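A.B. asks: let's see this in three dimensions:
(11 chains)
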Amino acid sequence: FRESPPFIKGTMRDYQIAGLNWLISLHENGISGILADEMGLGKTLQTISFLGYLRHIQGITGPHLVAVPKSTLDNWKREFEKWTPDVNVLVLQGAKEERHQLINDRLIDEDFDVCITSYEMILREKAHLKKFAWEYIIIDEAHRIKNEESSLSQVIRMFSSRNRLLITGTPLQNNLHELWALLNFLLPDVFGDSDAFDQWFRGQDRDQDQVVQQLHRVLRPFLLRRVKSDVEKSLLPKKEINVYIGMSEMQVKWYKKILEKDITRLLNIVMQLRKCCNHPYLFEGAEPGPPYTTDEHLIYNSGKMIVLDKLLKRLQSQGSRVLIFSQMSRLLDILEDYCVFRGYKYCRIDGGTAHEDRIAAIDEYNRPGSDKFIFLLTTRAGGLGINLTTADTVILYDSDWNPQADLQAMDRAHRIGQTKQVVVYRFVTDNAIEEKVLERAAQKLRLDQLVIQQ
Amino acid sequence: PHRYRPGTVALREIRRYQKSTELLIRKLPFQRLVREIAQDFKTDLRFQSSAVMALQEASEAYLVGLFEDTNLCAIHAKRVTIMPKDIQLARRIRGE
Amino acid sequence: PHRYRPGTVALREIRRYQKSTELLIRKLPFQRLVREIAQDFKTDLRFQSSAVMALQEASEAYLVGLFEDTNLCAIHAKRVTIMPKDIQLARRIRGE
Amino acid sequence: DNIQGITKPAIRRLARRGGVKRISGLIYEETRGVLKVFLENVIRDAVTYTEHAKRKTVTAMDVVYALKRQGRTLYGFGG
Amino acid sequence: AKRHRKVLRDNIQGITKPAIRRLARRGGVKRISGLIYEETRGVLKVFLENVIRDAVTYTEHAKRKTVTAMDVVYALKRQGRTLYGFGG
Amino acid sequence: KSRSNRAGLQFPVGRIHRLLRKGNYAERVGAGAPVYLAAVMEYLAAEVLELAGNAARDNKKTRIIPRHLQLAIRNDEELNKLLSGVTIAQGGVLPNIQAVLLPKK
Amino acid sequence: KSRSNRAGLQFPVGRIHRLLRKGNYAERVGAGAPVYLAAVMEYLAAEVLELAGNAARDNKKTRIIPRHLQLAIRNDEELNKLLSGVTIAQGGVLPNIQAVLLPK
Amino acid sequence: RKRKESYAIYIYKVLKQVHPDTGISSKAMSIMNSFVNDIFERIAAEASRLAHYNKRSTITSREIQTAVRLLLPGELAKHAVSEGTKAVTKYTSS
Amino acid sequence: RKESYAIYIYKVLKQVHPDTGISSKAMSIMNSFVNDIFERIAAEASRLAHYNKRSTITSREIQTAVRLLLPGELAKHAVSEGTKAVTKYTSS
DNA sequence: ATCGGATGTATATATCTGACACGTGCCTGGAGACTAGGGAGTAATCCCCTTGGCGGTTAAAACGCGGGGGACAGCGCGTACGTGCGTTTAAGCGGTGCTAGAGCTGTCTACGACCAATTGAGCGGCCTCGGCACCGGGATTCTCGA
DNA sequence: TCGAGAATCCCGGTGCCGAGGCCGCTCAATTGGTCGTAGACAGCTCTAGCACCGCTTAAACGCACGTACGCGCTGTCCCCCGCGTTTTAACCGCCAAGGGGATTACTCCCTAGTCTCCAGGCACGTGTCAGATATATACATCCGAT
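C.D. replies: Numbers count the residues shown, from 1 in each chain, chains lettered A, B, ... in the order given. Dropping the coordinates below:
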């Protein structure tokens, strides 16, 4: 079946024609195999050919639930409307006084096929979605369910179905528990083999190539992971360098005197080994003045900022646009008073940036000859999926605490249509907590690169 | 343009807040009022989350025990309004 | 025909009865008030004569402790006269 | 009977120590009604101690022991 | 100007104007004045200065750093305001 | 034959006579003394639960929840003086509108 | 070599160590627990007398009579809270007249 | 582990003797847990302050019968004496 | 016959005052005051040592029970008057 | 503002009386030297909270508002408490009998403390299935108006 | 004085998770038997309490008065309620760390038991002087007056 059926017009692409006949194999024997891919390869179009393909061929045409994030909820009602207009869609939104029209007169009358929903709408329709024998329930961006003490693990196992499908973009943490915890949801005949092949996974295998690379023939009908450089064969740059630097006397003495104070000031790594290590005077106890007038020797103090104290005379003239990811928006109020005070045209985003305020800045940040080059991101909201493709240089600050995040935060560089050279820096000092953290990021990444290798 | 007289909804809160025993004052800001005041007495304290409720179940039974004895001095002055002339009389006889 | 105004000798008892600590209420009739009330509880009782004083030193420190807290509800009503509208408020907040 | 014991002036010279200025007339039936009550939560706990110690003589330590209980501790007699 | 957490609010204002109405509505009062909402926010802070001080003193005594509800009830017992409903 | 069902009680006696000696309340505890205590323990817990059995049938419910005890103690007069300075967790309060805050007619 | 005088105090420790064993406070009392209690009781007992002693001459007498102890607990911001339930035999009260009963 | 020894059954046996078709919620179990203690640790610490007056040591069934007429105000002292002594003369004579 | 404190308080007076005599009934108050403070510290000391399931009154179970009872800037004084005596009763 | 009382404090011999003191046994503290039971002090294993970031929902909180019912000074007014003076009237003290009972003395049992066997009453788990919490929906009624 | 009209009550449904039953368990109550002793009842002493009776004068009572405050009624401003309107701040869920609170289980040491002195504290003997009555000294103080 290596064409598309005539309710899906428009010539679904060749890397997804091979994503359907290979997906027929998952329909047959019941395995709800995970389908992961790189961002932008149209995982939507591999799912509308799973809720309309059943109609003429398999003959079901029943209730189907799809759980997607709310930031992509605007996309899905359009994509069924693009390709297959015959279908029923039913999106969910509103307060009490405007939602229940879509629960009194649309759902319980069975007047729906595709019930596109939000994650918060599952927990407040946990009665009104139980009333259906669901057929194929697909959750996209499938990494919320890594925690089994959730209230989505212990909710979406309640109402049942024949088979399913999951879509993520990521195989998870190399402490291995988050692989099985989704597999305890893929098939309920896997938890009887998860901790029963438990000697067959835990040992750090010297024979990867003779156990782990031959473990896949059992597990290859469970997963997929693909790469954009085999669909364009032109996306050249992938570059990542970093330095090894050191602080100064206001947070070197206090690097090694607050341990006298401790061995508040509790949770020493967050409280006293990220604040007093990355960017300085986050307690207002390392102040020169109650006038606090912004000046040098208040950006000379940091080990990190003293690179930026010399970077943004180099970085301005090379021609880039600098995307700075960071943690901890309290710290961005220091970085925003590095470019207001020193005349660098800036923009910003955080978790408090409401959604129309977000895109109203991004569009002017994507004017072709614009002014404001520096855009303050944050790694936790810098993984949604948002159009930032007009920059070419990214400087993370800290350690990627969960190591896919800043490897997902590089997807604000190599999204579709980026023929520029991409340079991505990183800051890690010496003797700090963060090399062990970046050792912990070294170990959590040389074993799922393995999965891409194997 | 319907509207009750002033002196009406003030009764339909009394006969509703004297039946339901929900926690009145807000449970998350009352948590971080207790954690602040203890830091004048000893830094670096942790509370049991079923112990910060024990202040919320007891401080309300002190203020309601104050406002059920404040109003008896307000009505004694033959007005129907409490004032800090009444609170500073109510705490005088018991607990100054 | 000399006479002070009303509002004068009532002050020259206050500044004299707040200095001398003599026993105010009469010591022989207060003796036979205590001996009567105990006879509802047990007949044929004898008191130590330095124990009937222990009621007289303690009941006065309850009434003076009542009238120094009665007047704060009298002045609160913006008059300068106590009434049983005030005693029945004073005993309400502490000890009904 | 014997409630003529504490008189009208013997309440007046109490109320001067309490710092009031003009006594009404309705008080003289209320004050005897609140002095007869306080001798029925001390004497009732003085008879109970004296009956317990198997004595028919109410002593100066029982009344201080009774007044210790309800938060009116009396010094100057013993403890 | 933007670096600071400075120009924001306190935590003693954490109990607000309606949460002192709905306390007083339980108390059976009809019309609150407008002056009260600073007087009551004071006398609540004094009462928590005379319970937590008798709560940390027990918690330092066992050399724990965990103020349990047993410690809070045992503070409220001595000053005549015995709380039930938390074991003991 | 136990001791806690030898006098016909329903509280324990052997648990109480343990706690009158490890609670350091005296040096010598009489043998017939905690048996007299384990009736006054129960008569004060068969008085509250008697009046709590006139709140569930006064609010059309079956269980006893701590709003019932607050209505049980306060409408009484004799258990109110024993429990005068005594609170109850989530007990609320007795409903009482004072007799001058009414409307005009 | 007596026990109080080795502790540098005035109150007895040979008596307090008997009044902790025989009052059924606990089974075992510490070695130093009737020294540290014979000192906490020293300071408070000295505090009432000296603060009675400065006001032992407002009436220019030289015997403390029970009016003066009453003007030594009720004339203090902190010792009054320790004894705001108690009375004293023949203590009286302070001389005060409220601010509306006065002549004006 | 951690037996901790509440009164969770004995109260519930009293409920099956005065309203034998009701039930008690497990939150109100913890209140009546801490209402029999507040009678226990108020009578037992009353007889301790009463045997110490007369200078004896033996808490008998008369240093409790005196220590009940002090706490229980009115019409509970006139029953719990005659209810308690019912469960003493029925004790020793069997 | 009895026993009381009518010889020790007369010494503590004759430190802080050389000449002010003290009468009979005013010794009876100060007699029945340091029997109140003794039976308010220890009764709080005992119940504190029983909350923790121990058996021993010590100077760590008094010092905590003096910080509760003493209102404010008296426990700041009286701790400095107690621990001055332990460092002599032990160090001699 | 000034002159007639009515309140209060400086004072001297001049006494009673209680606080400060001296001389005696006896009763408890303390020196002593063992002896054990409490608890210090580590040492594994597990479970709840804290730091500072992201996502969304959604009833409350916050801000306007005109409006209306209470607070609050005036002013009349009228009994009702204070003040003071001849008249009774019970407290107070002062002896003086007269004996009940508080506190003790002195035997000697009746009764708790404690022991090791004893062996069920009461203890945390486990599964379950009525009570009550909730959401529509329509009857009942409570306070605004004519 | 009775119709519009919302709030509140009262029915019916659903469905969910706490409360009760039931099992296995283990260890604190329960007997029987020693052995010491505090309190129980008898027995004597003296002490403090009750009831008298007679005398002397502070102190209470009932008498006038007469002004001064408490309550009633007023207009008169103005301060908080009741309801529609913006945005915010609780409230869930989640994330990724690691650590401070609780049985085992071991083996020092500081508190109590016993026997034997002895010096410190304690009532009771004389035996003194610091308050307090007093009574005459001058001496500082709010209303009938202008």
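A.B. asks: what residues of stretch A:26-43 count as buried?
C.D. replies: By neighbour count on 16 or more other Cβ atoms under 10 Å in any protein chain shown, the buried set for stretch A:26-43 is A:26-27, A:31-39, A:41, A:43. Quick note: C-beta positions are derived from backbone N, CA and C, even for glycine.
A.B. asks: so which of the residues you listed comes closest to residue A:444?
C.D. replies: residue A:36 (17.4 Å; Cβ to Cβ).
A.B. asks: any idea how far residue A:225 is from the closest one?
C.D. replies: Distance of residue A:36 to residue A:225, given as Cβ to Cβ, to the nearest Å: 5 Å.
A.B. asks: what do the two both touch?
C.D. replies: Common neighbours of residue A:36 and residue A:225, using Cβ atoms under 8 Å, 6 or more residues apart in numbering or on different chains, are residue A:171.
A.B. asks: can you tell me which residues contact the closest residue to chain H within chain D?
C.D. replies: Residue nearest to chain H within chain D (Cβ to the nearest Cβ): residue D:52, separated by 4.2 Å. Residues in contact with residue D:52 (Cβ under 8 Å, 6+ apart) are H:50, H:54, H:62-63, H:66.
A.B. asks: buried among these? Make that a PyMOL selection.
C.D. replies: To isolate the buried subset of the contacts of residue D:52 in PyMOL, counting by 16+ other Cβ under 10 Å, use the following:
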select buried, chain H and resi 50+62+63+66
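A.B. asks: make JSON lines out of the contacts of residue D:52 and add distance to residue D:5.
C.D. replies: Below are these laid out as JSON lines (distance: Cβ to Cβ, whole Å):
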{"residue": "H:50", "distance to residue D:5": "32"}
{"residue": "H:54", "distance to residue D:5": "33"}
{"residue": "H:62", "distance to residue D:5": "35"}
{"residue": "H:63", "distance to residue D:5": "35"}
{"residue": "H:66", "distance to residue D:5": "30"}
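A.B. asks: partners of residue A:322 in the sheet?
C.D. replies: Following DSSP bridges, residue A:322 is listed with bridge partners residue A:393.
A.B. asks: surely it is in contact with residue A:396?
C.D. replies: No - judged on Cβ atoms under 8 Å, residue A:322 makes no contact with residue A:396 at a distance of 11.3 Å.
A.B. asks: looking at the two, which has the bigger crowd around it?
C.D. replies: The neighbour comparison of residue A:322 against residue A:396 (other Cβ atoms under 10 Å in any protein chain shown) goes to residue A:396, with 25 against 22.
A.B. asks: contact partners for that one?
C.D. replies: Contacts of residue A:396 (Cβ under 8 Å, 6+ apart): A:324-326, A:379, A:406, A:409, A:424-427.
A.B. asks: one more: residue H:73?
C.D. replies: Contacts of residue H:73 (Cβ under 8 Å, 6+ apart): F:78, F:81-82.
A.B. asks: I'd like to know how far it sits from residue A:206.
C.D. replies: According to Cβ to Cβ, residue H:73 and residue A:206 sit 82 Å apart.
A.B. asks: got the residues of the stretch 301-450 of chain A near chain B?
C.D. replies: Residues of the stretch 301-450 of chain A found near chain B (Cβ under 8 Å from any Cβ of the partner chain): none.
A.B. asks: just the helices in the stretch 301-450 of chain A please.
C.D. replies: Counting by DSSP state H, counting those that start in this stretch, the stretch 301-450 of chain A has these helices, from start to end: A:305-314, A:329-339, A:355-364, A:405-408, A:434-443, A:449-453.
A.B. asks: quick check, the fifth one touching DNA strand J?
C.D. replies: Read it as helix A:434-443. No - if you take Cβ under 7 Å from any atom of the strand as the test, helix A:434-443 misses DNA strand J, and the best it gets is 13.2 Å.
A.B. asks: what's the burial count for the residue nearest to residue A:262 when sequence neighbours are not counted?
C.D. replies: Distance criterion Cβ to Cβ, 6 or more residues apart in numbering or on different chains; nearest residue to residue A:262, sequence neighbours excluded, is residue A:268 at 5.9 Å. Other residues near residue A:268 come to 14 when the count uses other Cβ under 10 Å.
A.B. asks: same thing with the one 5 residues further on?
C.D. replies: By the other Cβ under 10 Å criterion, the neighbourhood of residue A:273 contains 18 residues.
A.B. asks: got it, and residue A:283?
C.D. replies: Using other Cβ under 10 Å, residue A:283 has 15 neighbouring residues.
A.B. asks: measure it to residue G:88 for me?
C.D. replies: Counting by Cβ to Cβ, the gap from residue A:283 to residue G:88 is 53 Å.
A.B. asks: and what of residue A:18?
C.D. replies: As judged by Cβ to Cβ, residue A:18 and residue G:88 stand 100 Å apart.
A.B. asks: more neighbours: the two, which one.
C.D. replies: Higher neighbour count among residue A:18 and residue G:88: residue G:88, with 24 against 11, using other Cβ under 10 Å.
A.B. asks: touching, that one and residue G:66? I think so.
C.D. replies: Yes - the criterion here is Cβ under 8 Å, and residue G:88 meets it with residue G:66 at 5.8 Å.
A.B. asks: give the residues shared as contacts by those two.
C.D. replies: D:76, I:29.
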